[PDB]
Every structure is written in structure tokens, then in C-alpha cells.
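In what follows, a single structure is set out as C-alpha cells and then discussed.
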Amino acid sequence: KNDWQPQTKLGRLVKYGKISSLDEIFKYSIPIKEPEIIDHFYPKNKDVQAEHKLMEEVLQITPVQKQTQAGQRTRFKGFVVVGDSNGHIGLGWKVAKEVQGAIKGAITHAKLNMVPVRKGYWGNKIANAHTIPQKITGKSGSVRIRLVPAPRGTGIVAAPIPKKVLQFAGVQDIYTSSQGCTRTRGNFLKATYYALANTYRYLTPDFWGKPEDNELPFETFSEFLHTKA
Amino acid sequence: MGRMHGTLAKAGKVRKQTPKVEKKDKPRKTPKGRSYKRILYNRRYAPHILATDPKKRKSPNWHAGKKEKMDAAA
Amino acid sequence: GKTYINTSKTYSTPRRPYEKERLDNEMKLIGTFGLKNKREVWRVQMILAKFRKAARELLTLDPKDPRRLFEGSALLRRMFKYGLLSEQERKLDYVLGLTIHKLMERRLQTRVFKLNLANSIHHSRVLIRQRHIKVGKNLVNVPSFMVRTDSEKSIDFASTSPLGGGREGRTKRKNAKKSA
Amino acid sequence: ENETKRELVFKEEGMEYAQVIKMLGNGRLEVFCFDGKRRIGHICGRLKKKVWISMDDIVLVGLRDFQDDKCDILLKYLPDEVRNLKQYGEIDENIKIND
Amino acid sequence: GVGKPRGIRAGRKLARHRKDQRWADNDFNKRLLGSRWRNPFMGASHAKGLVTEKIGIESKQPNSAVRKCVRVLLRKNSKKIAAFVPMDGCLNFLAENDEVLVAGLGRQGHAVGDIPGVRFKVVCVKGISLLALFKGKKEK
RNA sequence: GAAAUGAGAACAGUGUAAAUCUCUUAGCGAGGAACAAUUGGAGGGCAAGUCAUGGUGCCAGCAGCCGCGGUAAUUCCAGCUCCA
Ligand SMILES: [Mg+2]
Ligand SMILES: [Mg+2]
Ligand SMILES: [Mg+2]
Ligand SMILES: [Mg+2]
Ligand SMILES: [Mg+2]
Ligand SMILES: [Mg+2]
Ligand SMILES: [Mg+2]
Ligand SMILES: [Mg+2]
Ligand SMILES: [Mg+2]
Ligand SMILES: [Mg+2]
């Protein structure tokens, strides 16, 4: 059973090669619950040179304890980052009693959590947006992270963890600032992620004009969906 | 717990006890300087190593003993 | 003893003594450019950093500003002569984009080797330390010599050494002077 | 009742026989040594685990070169090992062993 | 609000307020009143002394061992100091009443690890190093 | 397998108030414990052991901090290897 049968309307729309690009899903803000939709846009034919290669990384694995009916019952938590270096990043975490299990479930989670980082210009606008449009802030638990845009080739100035996240996002050049208890790795990761996410939340002056008015994919593709397969 | 011979708290005990084992006489020698970092680059960051799966890359000290250098060369 | 000669520091030491990604990159550099000794890469890093501080301060400034005009001009003219910058990028912004990979590529080792004058990035480093190469009007015994785009024309072997038509060295002499 | 028979161990050089005098705490005690000196002993990490010691027990004591005033409690003697010591003629026949 | 003046004539109150609150920072306090100079080293990096006693020191919980030590009479101070003697059977390299070189343990005035309260270590014996002696480079 | 060369060491020449050293240079000066780099580390922080390694068995000792050692020590004493 290596063939994917979509349980989501969006899932159908994706598998059958109807919705064009991933970012489009992001645009119409269609919830992705199915961790297939994502592997779709990232083909496993394995051409080594694409920067659109989708990357997975285990970050954390934690032995979590419970006190239950006189026993001490351990599970594992894990954190996972997924990203193509080009614009797209997700973070996920899962608890399970078997390690490789926690890992798989967390990969799946992270995929469901995919988010569109926005890339801006520091100084004069020439070629590759190497950084963020504004300064922004992640907040998780106690922790805070501030992302400030840096000039060309500054590189990522940031702790090992948020650095890893940012590299997955494909921010080349950045300045970091962190508050809170940062050694809480899940909160640090979370913060960096949410921060990276807020890039598109910020209304910058270039976003000021009237947007395009389009119909949702579902309204256009309504005919397709109501055929019975 | 009925095994005791030496006085507790004697000063040089463990060092005195330790057998003297002689450092092996090396055939030839370890290259000093740049050449050494060449050697390291070779056995570590060289093209063939990079070509192999980065998650399956083999850790630098994995072999203490020579039987696994024989198993590594085969 | 009073003395007015100036102080120097050519390199810098990282905040973080052990980090894999960095160590690995540094050994990829040491590998490809045939260096020894991490500080060589560090001093290259230092140099680049100086360049970048310059460009940055200049970008603070108004584009009209006399100082940015003159000193910026000077920085880019300074790039060409070393061939760190291609013909087309004379804008200060492209300075920042400078790679250590480009800058090490301007080494005399990197130059001699890639000039088919030496078999190996290592063969090179002995050669220019063996006193076997001339650059311009001088004899350069230094691996770290940053190469004038203009002197790239005249890089050939020393008229002093063999490979320069000079007498075969003490080795060949001692081998050959023992008959039968 | 007893733990497995093992050879009664004698005072080697650098050790002395001792009898427990009073209890200090922190695993310490004052001992009368058959050297003829009183000392303040500490209890072995080994003995802290196994054998509980109390007052007027006969113990073997590892000594210290530098500080003679402190000594380490090495091992406790079972009353039979003791009566045997008296037999052998190691420690003096007039001594009080209590059960 | 913020309980802190913001105003352009507020300068001195601000700076004075800091010149006060700064005292709660410990390193500042210890620095500012001479604290360094009164310590057994008299501000110094190391010190020379004479050995009064060789002494064993039973380790803090939960560890058991006998930490080899010495009580030294510092030649500059004439203060008495309790110092640790490092590595293995190095207590043997010491004779009572030698010249001895003593340094901090790396906590700057505080004890390290299982040795309770002992703030100093032995570096040199007579003229030579404990390291030199240990590895057996030189002889006493 | 022969080439390459400086450290060493020298005629001369450069240099000096003179002397030394440098620099230029004849006659010399490389195949292995020599012309042989160390100093600190391989549990985490922190790069490096998944030694069925030997010794010691809470002792000797390690450990900036957490901790390691109580007879199968990833932490002591050593050997190998490996790291900076
Ligand atoms: Mg902080
Ligand atoms: Mg402070
Ligand atoms: Mg320190
Ligand atoms: Mg403690
Ligand atoms: Mg050594
Ligand atoms: Mg002369
Ligand atoms: Mg040779
Ligand atoms: Mg050590
Ligand atoms: Mg063992
Ligand atoms: Mg070891």
C-alpha cells in the first residue's frame, strides 16, 4: 500500500495534479492535514542539484517520564525540522514509546506545519534576497528571539539551534537576539519558527495596494471533486 | 567485603601498582606540519568520504584495534 | 628602549572553540587550498573582514559624499589589481559578497598550482618555499603572496634554480659526481 | 548466624588493631589503638556499606603516615575472630568483648 | 510609569542612582573595597610558603576518599593556608618545611569539587614543578 | 626511484666606529627510533573510543560545573588509537 489515497479535498486536488504550486496552497490558506501533499511537491527522483531538495533533521530526542500506578513510564519526545533552503520551513514534534516512532511522527507533524518565510533586502536591492524584510520576533514559553536583517554575506549570527532552523529556511544573512530560558530546546526552536513565520504577517509598505481577487481552488475545481472515484 | 591487602590511604598506591607497559616502537614516523593536515583531509574530508551518505559517514576513531582496519579495507 | 614601529595582529580566534560545521568547513579550506595550520584561514578571514567593514562604513554614507566617492573608488581599484573583483562588479555592494574561497584562490600557492607550474596544491607550496619561482622583478619565497593581476603575466621559475636553466642542485651533483 | 568464613586477617605493617571507644557521627569514632594511642577514625566507604559498627567492637585500622592522629576504620572482627586473635597471641588476653 | 525618570534634566539622578545600585553587583563590591588585597594571597596570583603539615581530608558526600593536602605558611603573609596536593602520590614529593608554590583552584577564592573549603593547590616543590616531578622529568 | 631544498656549516662579497647577524654566494650539508613537535584532551558541556585492552576495586586518584571510581570504569593508572 505504497499508493496514496487522499482523505482531504486538498489531498485529492494535489495528488491528481491540479493545484499548481505549494505556495498557492499557502496563499489560499488551505489547511494541510495530510503529510503526503508535501512529499508531492518534493519529488524523490533524486536529482542532486536542486535547492528544492526537501530536508529533514531530527533536532531533539527526550526521555520523558510519567509516574503511573506505581510505575515510572518513559516515552520519547522528538523535534524535527523540515525545509527546502528556498523559502519553506516547518517544525514538528512527537511523543511515542519507541524512538524511531517519535521521529517518524515528528517528521509527519513538521510537514503538516509547513510555513512560507518571506525574504527581503538589506541595503540596495540587487539579486538574491539574502535576508528578512523587517525585524521580527518569535515567542515561545519564556523564550524570545528577535531576527534583525543583516547586510550581504554577514551570514547567520545566531545560536546553534535557531541557526539550524534559519539555514533550513534559507535565510542567508541575519542578526539574532535572544531572551528567556533558551536551553529549553523546544521553546527555542518553536520561537525561531514562529518568528520566521511572522515575516508574512507583517504589513510592509509594498503590500499596500489592492490585491488580486481570485476564486478559491475548490470553487474552480468543484466539478472535479464531485466526480465519484 | 573480605578482600583487603594494602593499607587504605597510602599515597602512591594505584600508580605504583600499575604495570609498566612500554610504548610501541613505531615503524617510520608521523609526519609533522602541513603534511599531517593533508593526511587528515584525506582520511576525513576528501571527495570519496563526502560522496558517501553524510548520515552514514563513519566516525573518525571507530577503530581502536587493527582487526577492524582489516575489516575496513576488505 | 623607545621604539615607534607599529603593532600588528593578523588573525582572530572564534568565540566557540569546538563546533563541527565550522571545523569541517575550515578543514575543507585547508584541504583545497593546501594550507597547514588553521590560523592561515583565520588571517584570510581577518583580511576579508577588514574589506567588509570598509564597504559597510561607506554604505552608511550619502552616495554624493566626497569620502565615499574617493575611498570607495580606492577600495574597488584595490580589488581589481588583486582580481578579487570581476570587471563587471565595481559597485561597493559586491565587495560584501566576497568569498574566502575567492580570496584564497588569489594565493600564490593557488596561483602556481593552477598555472600548471606544479602538480599539486602541495607541490606548489614547497616550490615557492624552495625559492623556485619569480614574480615580477622579485623572487617570492612566500606562499601567502596575494597575486597582482598584472604580475600574473610574469610568474615563471627562478633563473637561479633548475627549471630556470640554473645549475642542477646539490642532489644531482652528488649523485652524478660519483662514477660507476 | 554469621557471614561466610574468611581468614582472620592480621595487622599488616601500617595497620593497628583497635577497640571502639565512643561514637562521633559523620561515620566517625574515637578508637583506642593497641599501638597505645587514641585516634579519631573514619569509616571505610566499603564498611559504610557492609558492616555496621558500634561501641567496644574490635576493629582493624589502616593507619596514615602523615596524620597519625587520624586513622581509617578498615574491618570489623566477629567475636570469634577476636577470641581467635587472643588464642593466637596477637591482642592482649584481658579485653572486653560484648555480644 | 517604569519608576525611573525620563527627562533631560534628569541626568544626575539617573547616574547617581546607578552609582548606588551598582553596589549590589558582587564583583563590583569585592573589587571596590580592597577585598582582593586582604585575602591570603594579598591580591596576588600565586604564593610561596612553608609546609607546616601534611594532612588528609575526607571528601564531601557522596564521595569517599582521602584528599592529600598540606598546611602552608605563606612567606609574604605569615598567614596559614590549607592547600590541596594534585595527582597521584604527589604528597610524597613533599617534605615538611619545604618551599612550596601555591595557586588558586580556579574558583577565585572558593573550593572546588569534593574537597570542602580548600581553596588552593600546590604547583612547585623546592624549585621544581609537581608536573615535572610526576612525569619524572626532574628529581628532588 | 632519483630529483628538490633549506636548518647546519662555510671561502668570498654585502654590512659595521669595529665586532656579530642578515642578505648574495663557491666548496659542503636527507631516507628513516633521522634534520623525528609539542602541549593538552576523548562521558556531557566540547572536537575525538561501539577498545569485549591491562592494572586498581569507592582505594589510589579524576572532575572549572554535572559527576566518575564500591570487581565487567566510555571519567582514575597505562597501552593502542583518535581529537583540538
Ligand atoms: Mg541568554
Ligand atoms: Mg556577576
Ligand atoms: Mg578558568
Ligand atoms: Mg555536589
Ligand atoms: Mg607525555
Ligand atoms: Mg664574512
Ligand atoms: Mg630524511
Ligand atoms: Mg588526564
Ligand atoms: Mg578495565
Ligand atoms: Mg584513558
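Here's how to read the names in the C-alpha cells: chain A, B, ... by the order shown, residue numbers from 1 in each chain, ligand numbers from 1 in the order shown.
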Q) If you count only C-alpha atoms (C1' of nucleotides) and all ligand atoms, which residues end up within 8 Å of ligand 2, as a PyMOL selection string? A) chain E and resi 25-27
Q: Please identify every polymer residue within 9 Å of ligand 10, using only C-alpha atoms (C1' of nucleotides) and all ligand atoms, and present the set as a list in words.
A: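 Within the 9 Å cut-off, the matching residues are residues 42, 75, 76, 77 and 78 of chain F.
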Q. Any idea which chain D residues end up within 9 Å of chain B if we count only C-alpha atoms, as a list in words please?
A.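 Result: residues 6, 7, 9, 12, 13, 14, 15, 44, 46, 47, 50, 51, 61, 62, 63, 64, 65, 72, 73, 74 and 75 of chain D.
Between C1' of residue 23 (chain F) and CA of residue 157 (chain C) the separation is 20.8 Å.
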Q.
Residues of chain F were defined as contacting chain E if any atom lay at most 8 Å from it, counting only C-alpha atoms (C1' of nucleotides); please report them as JSON, numbers by chain.
A. {"F": [58, 59, 60, 61, 63, 64]}
May I ask you to write as a compact mmCIF listing (two decimals) with C-alpha atoms, in the first residue's frame all residues lying at most 7 Å from ligand 1, with only C-alpha atoms (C1' of nucleotides) and all ligand atoms counted?
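selection11.txt was written with the following content:
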```txt
# COMPACT_ATOMS: atom_id res chain seq x y z
CA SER A 178 17.54 36.05 22.40
CA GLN A 179 15.73 36.45 25.75
CA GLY A 180 14.42 33.83 28.13
CA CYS A 181 15.45 30.30 29.01
CA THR A 182 16.91 29.29 25.70
```
Q.
If DSSP is run on the backbone, what residues of chain D are strand (DSSP E or B)? A reply as number ranges by chain would be ideal.
A. D: 15-23, 28-33, 38-43, 58-62, 70-76
Those selected residues, please, written with N, CA and C atoms and delivered as a tab-separated table (two decimals), in the first residue's frame.
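See selection.tsv below for the written result:
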```tsv
chain	number	residue	atom	x	y	z
D	15	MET	N	49.17	-0.93	59.72
D	15	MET	CA	47.86	-1.05	60.35
D	15	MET	C	48.03	-1.34	61.84
D	16	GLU	N	46.97	-1.13	62.60
D	16	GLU	CA	46.97	-1.47	64.00
D	16	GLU	C	45.60	-1.97	64.42
D	17	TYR	N	45.57	-2.84	65.43
D	17	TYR	CA	44.31	-3.27	66.00
D	17	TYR	C	43.75	-2.13	66.81
D	18	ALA	N	42.43	-2.11	66.97
D	18	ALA	CA	41.78	-1.04	67.71
D	18	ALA	C	40.49	-1.52	68.36
D	19	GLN	N	40.08	-0.84	69.43
D	19	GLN	CA	38.77	-1.06	70.03
D	19	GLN	C	37.99	0.25	70.06
D	20	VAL	N	36.74	0.19	69.62
D	20	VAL	CA	35.86	1.36	69.55
D	20	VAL	C	35.60	1.95	70.94
D	21	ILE	N	35.81	3.25	71.09
D	21	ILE	CA	35.59	3.92	72.36
D	21	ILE	C	34.25	4.66	72.40
D	22	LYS	N	34.11	5.73	71.62
D	22	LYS	CA	32.82	6.42	71.55
D	22	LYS	C	32.39	6.81	70.13
D	23	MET	N	31.11	7.10	69.96
D	23	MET	CA	30.56	7.37	68.64
D	23	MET	C	30.46	8.86	68.37
D	28	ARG	N	32.22	8.72	61.96
D	28	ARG	CA	33.49	8.80	62.68
D	28	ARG	C	33.39	8.25	64.08
D	29	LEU	N	34.54	7.92	64.65
D	29	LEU	CA	34.58	7.39	66.01
D	29	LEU	C	35.92	7.65	66.65
D	30	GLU	N	35.97	7.57	67.97
D	30	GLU	CA	37.25	7.57	68.66
D	30	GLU	C	37.62	6.13	68.92
D	31	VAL	N	38.86	5.75	68.62
D	31	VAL	CA	39.30	4.40	68.90
D	31	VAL	C	40.51	4.38	69.83
D	32	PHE	N	40.56	3.37	70.68
D	32	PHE	CA	41.78	3.08	71.41
D	32	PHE	C	42.61	2.10	70.59
D	33	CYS	N	43.84	2.49	70.29
D	33	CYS	CA	44.71	1.66	69.48
D	33	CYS	C	45.70	0.91	70.35
D	38	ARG	N	45.29	6.95	71.33
D	38	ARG	CA	43.92	7.16	70.91
D	38	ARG	C	43.97	7.80	69.55
D	39	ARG	N	43.00	7.49	68.69
D	39	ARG	CA	42.93	8.16	67.40
D	39	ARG	C	41.49	8.43	67.03
D	40	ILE	N	41.28	9.32	66.08
D	40	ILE	CA	39.92	9.52	65.60
D	40	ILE	C	39.80	8.92	64.22
D	41	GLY	N	39.07	7.81	64.16
D	41	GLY	CA	38.86	7.08	62.93
D	41	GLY	C	37.68	7.50	62.08
D	42	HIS	N	37.87	7.35	60.77
D	42	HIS	CA	36.80	7.49	59.79
D	42	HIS	C	36.47	6.09	59.27
D	43	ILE	N	35.22	5.89	58.89
D	43	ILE	CA	34.79	4.58	58.42
D	43	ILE	C	34.91	4.43	56.90
D	58	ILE	N	35.88	-4.84	68.24
D	58	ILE	CA	37.29	-4.87	67.89
D	58	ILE	C	37.43	-4.76	66.37
D	59	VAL	N	38.20	-3.77	65.94
D	59	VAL	CA	38.33	-3.43	64.53
D	59	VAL	C	39.78	-3.41	64.09
D	60	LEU	N	40.00	-3.66	62.81
D	60	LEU	CA	41.30	-3.44	62.21
D	60	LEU	C	41.32	-2.01	61.69
D	61	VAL	N	42.45	-1.34	61.85
D	61	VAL	CA	42.56	0.06	61.45
D	61	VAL	C	43.76	0.30	60.55
D	62	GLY	N	43.50	0.73	59.32
D	62	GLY	CA	44.57	1.20	58.44
D	62	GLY	C	45.06	2.57	58.90
D	70	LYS	N	44.69	10.75	62.94
D	70	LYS	CA	43.52	10.18	62.28
D	70	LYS	C	43.90	8.82	61.76
D	71	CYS	N	42.91	7.95	61.64
D	71	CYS	CA	43.14	6.61	61.12
D	71	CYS	C	41.87	6.16	60.42
D	72	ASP	N	41.99	5.19	59.53
D	72	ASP	CA	40.82	4.71	58.81
D	72	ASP	C	40.34	3.37	59.36
D	73	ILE	N	39.04	3.27	59.61
D	73	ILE	CA	38.47	2.00	60.00
D	73	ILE	C	38.53	1.09	58.79
D	74	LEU	N	39.20	-0.04	58.94
D	74	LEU	CA	39.37	-0.96	57.83
D	74	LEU	C	38.34	-2.08	57.85
D	75	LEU	N	38.35	-2.88	58.91
D	75	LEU	CA	37.44	-4.01	59.02
D	75	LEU	C	37.04	-4.33	60.46
D	76	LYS	N	35.80	-4.77	60.64
D	76	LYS	CA	35.32	-5.25	61.94
D	76	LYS	C	35.55	-6.75	62.15
```
Q. Running DSSP on the backbone, which parts of region 24-125 of chain C land in alpha helix (DSSP H), as an MDAnalysis selection string?
A. chainID C and resid 24:32 39:60 66:82 93:96 100:104 108:112 121:125
Would you put the residues from that selection into a file with C-alpha atoms, as a JSON list (two decimals), in the first residue's frame?
```json
[["chain", "number", "residue", "atom", "x", "y", "z"],
["C", 24, "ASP", "CA", 34.64, 20.93, 8.91],
["C", 25, "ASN", "CA", 34.42, 23.99, 6.65],
["C", 26, "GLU", "CA", 37.86, 25.05, 7.84],
["C", 27, "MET", "CA", 39.30, 21.63, 7.02],
["C", 28, "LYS", "CA", 37.66, 21.74, 3.59],
["C", 29, "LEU", "CA", 39.51, 25.03, 3.11],
["C", 30, "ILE", "CA", 42.82, 23.69, 4.43],
["C", 31, "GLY", "CA", 42.31, 20.75, 2.12],
["C", 32, "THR", "CA", 41.52, 22.56, -1.11],
["C", 39, "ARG", "CA", 45.21, 30.36, 11.62],
["C", 40, "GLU", "CA", 46.10, 30.73, 7.93],
["C", 41, "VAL", "CA", 42.40, 30.51, 7.13],
["C", 42, "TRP", "CA", 41.77, 32.77, 10.12],
["C", 43, "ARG", "CA", 44.02, 35.54, 8.84],
["C", 44, "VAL", "CA", 42.35, 35.27, 5.46],
["C", 45, "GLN", "CA", 39.05, 35.69, 7.35],
["C", 46, "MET", "CA", 40.50, 38.74, 9.10],
["C", 47, "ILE", "CA", 41.52, 40.33, 5.80],
["C", 48, "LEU", "CA", 38.09, 39.80, 4.23],
["C", 49, "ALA", "CA", 36.51, 41.21, 7.36],
["C", 50, "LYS", "CA", 38.55, 44.41, 7.04],
["C", 51, "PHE", "CA", 37.35, 44.82, 3.46],
["C", 52, "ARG", "CA", 33.75, 44.39, 4.57],
["C", 53, "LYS", "CA", 33.94, 46.86, 7.47],
["C", 54, "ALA", "CA", 35.18, 49.34, 4.91],
["C", 55, "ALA", "CA", 32.35, 48.78, 2.45],
["C", 56, "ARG", "CA", 29.81, 48.93, 5.28],
["C", 57, "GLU", "CA", 31.03, 52.26, 6.68],
["C", 58, "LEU", "CA", 30.94, 53.60, 3.15],
["C", 59, "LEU", "CA", 27.34, 52.48, 2.73],
["C", 60, "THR", "CA", 26.40, 54.44, 5.84],
["C", 66, "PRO", "CA", 33.20, 63.03, -1.25],
["C", 67, "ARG", "CA", 34.58, 60.44, 1.15],
["C", 68, "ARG", "CA", 32.54, 57.54, -0.19],
["C", 69, "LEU", "CA", 33.45, 58.62, -3.72],
["C", 70, "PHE", "CA", 37.19, 58.73, -3.20],
["C", 71, "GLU", "CA", 37.63, 55.88, -0.71],
["C", 72, "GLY", "CA", 35.09, 53.65, -2.43],
["C", 73, "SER", "CA", 36.87, 54.20, -5.73],
["C", 74, "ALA", "CA", 40.08, 53.30, -3.91],
["C", 75, "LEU", "CA", 38.63, 50.09, -2.49],
["C", 76, "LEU", "CA", 37.45, 48.81, -5.86],
["C", 77, "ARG", "CA", 40.60, 49.83, -7.72],
["C", 78, "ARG", "CA", 42.24, 47.89, -4.92],
["C", 79, "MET", "CA", 40.12, 44.88, -5.75],
["C", 80, "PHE", "CA", 40.92, 44.71, -9.48],
["C", 81, "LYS", "CA", 44.69, 44.83, -9.00],
["C", 82, "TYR", "CA", 44.23, 41.70, -6.92],
["C", 93, "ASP", "CA", 27.78, 46.19, -2.56],
["C", 94, "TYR", "CA", 29.61, 43.39, -4.40],
["C", 95, "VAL", "CA", 32.55, 43.80, -2.03],
["C", 96, "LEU", "CA", 30.48, 42.36, 0.81],
["C", 100, "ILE", "CA", 37.06, 33.37, 1.36],
["C", 101, "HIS", "CA", 37.02, 30.83, -1.48],
["C", 102, "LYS", "CA", 37.75, 33.62, -3.95],
["C", 103, "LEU", "CA", 40.33, 35.26, -1.71],
["C", 104, "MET", "CA", 42.33, 32.10, -1.04],
["C", 108, "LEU", "CA", 50.49, 32.30, -4.59],
["C", 109, "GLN", "CA", 50.06, 28.56, -3.95],
["C", 110, "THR", "CA", 46.65, 28.58, -5.59],
["C", 111, "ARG", "CA", 48.20, 30.54, -8.42],
["C", 112, "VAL", "CA", 51.31, 28.41, -9.04],
["C", 121, "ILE", "CA", 48.40, 22.20, -4.32],
["C", 122, "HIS", "CA", 51.14, 20.81, -2.06],
["C", 123, "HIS", "CA", 53.86, 20.59, -4.76],
["C", 124, "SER", "CA", 53.25, 24.30, -5.16],
["C", 125, "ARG", "CA", 53.78, 25.23, -1.52]]
```
Let me have all residues with an atom within 12 Å of ligand 5, counting only C-alpha atoms (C1' of nucleotides) and all ligand atoms, laid out as a PDB file with N, CA and C atoms (P, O5', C5', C4', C3', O3' and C1' of nucleotides), in the first residue's frame.
```pdb
ATOM      1  N   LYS B  23      55.813   1.935  25.423  1.00  0.00           N
ATOM      2  CA  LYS B  23      55.227   2.496  24.220  1.00  0.00           C
ATOM      3  C   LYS B  23      55.814   1.812  22.996  1.00  0.00           C
TER       4      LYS B  23
ATOM      5  N   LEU E 131      54.406  18.819  38.138  1.00  0.00           N
ATOM      6  CA  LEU E 131      54.255  18.168  36.848  1.00  0.00           C
ATOM      7  C   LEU E 131      55.576  17.546  36.427  1.00  0.00           C
ATOM      8  N   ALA E 132      56.634  18.345  36.499  1.00  0.00           N
ATOM      9  CA  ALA E 132      57.979  17.894  36.170  1.00  0.00           C
ATOM     10  C   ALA E 132      58.339  16.657  36.975  1.00  0.00           C
ATOM     11  N   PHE E 134      56.133  14.519  38.738  1.00  0.00           N
ATOM     12  CA  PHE E 134      55.196  13.444  38.423  1.00  0.00           C
ATOM     13  C   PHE E 134      55.653  12.638  37.213  1.00  0.00           C
ATOM     14  N   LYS E 135      55.743  13.301  36.067  1.00  0.00           N
ATOM     15  CA  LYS E 135      56.180  12.646  34.844  1.00  0.00           C
ATOM     16  C   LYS E 135      57.634  12.209  34.909  1.00  0.00           C
ATOM     17  N   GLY E 136      58.317  12.599  35.977  1.00  0.00           N
ATOM     18  CA  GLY E 136      59.683  12.172  36.195  1.00  0.00           C
ATOM     19  C   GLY E 136      60.649  12.761  35.189  1.00  0.00           C
ATOM     20  N   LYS E 137      60.511  14.054  34.925  1.00  0.00           N
ATOM     21  CA  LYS E 137      61.480  14.762  34.101  1.00  0.00           C
ATOM     22  C   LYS E 137      62.691  15.153  34.941  1.00  0.00           C
TER      23      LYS E 137
ATOM     24  P     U F  38      56.650  15.465  20.322  1.00  0.00           P
ATOM     25  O5'   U F  38      56.208  16.182  21.670  1.00  0.00           O
ATOM     26  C5'   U F  38      57.040  17.184  22.234  1.00  0.00           C
ATOM     27  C4'   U F  38      56.381  18.544  22.263  1.00  0.00           C
ATOM     28  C3'   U F  38      55.249  18.731  23.254  1.00  0.00           C
ATOM     29  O3'   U F  38      55.700  18.892  24.581  1.00  0.00           O
ATOM     30  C1'   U F  38      54.666  19.720  21.194  1.00  0.00           C
ATOM     31  P     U F  39      55.088  17.966  25.733  1.00  0.00           P
ATOM     32  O5'   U F  39      54.247  18.970  26.634  1.00  0.00           O
ATOM     33  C5'   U F  39      54.319  20.367  26.422  1.00  0.00           C
ATOM     34  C4'   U F  39      52.957  20.969  26.218  1.00  0.00           C
ATOM     35  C3'   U F  39      51.817  20.388  27.039  1.00  0.00           C
ATOM     36  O3'   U F  39      51.806  20.881  28.370  1.00  0.00           O
ATOM     37  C1'   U F  39      51.129  20.820  24.794  1.00  0.00           C
ATOM     38  P     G F  40      50.932  20.163  29.512  1.00  0.00           P
ATOM     39  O5'   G F  40      49.633  19.653  28.745  1.00  0.00           O
ATOM     40  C5'   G F  40      48.405  19.457  29.424  1.00  0.00           C
ATOM     41  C4'   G F  40      47.234  19.841  28.554  1.00  0.00           C
ATOM     42  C3'   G F  40      46.027  18.918  28.622  1.00  0.00           C
ATOM     43  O3'   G F  40      45.226  19.166  29.760  1.00  0.00           O
ATOM     44  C1'   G F  40      46.511  19.424  26.361  1.00  0.00           C
ATOM     45  P     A F  78      50.088   7.399  34.413  1.00  0.00           P
ATOM     46  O5'   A F  78      50.200   5.986  33.682  1.00  0.00           O
ATOM     47  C5'   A F  78      50.320   5.885  32.271  1.00  0.00           C
ATOM     48  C4'   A F  78      50.311   4.443  31.824  1.00  0.00           C
ATOM     49  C3'   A F  78      50.191   4.206  30.328  1.00  0.00           C
ATOM     50  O3'   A F  78      51.421   4.350  29.647  1.00  0.00           O
ATOM     51  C1'   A F  78      48.691   2.781  31.473  1.00  0.00           C
TER      52        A F  78
END
```
(Q) Give me, as a count of residues only, the residues of chain A touching chain B, with the criterion being at most 12 Å (counting only C-alpha atoms). (A) 4
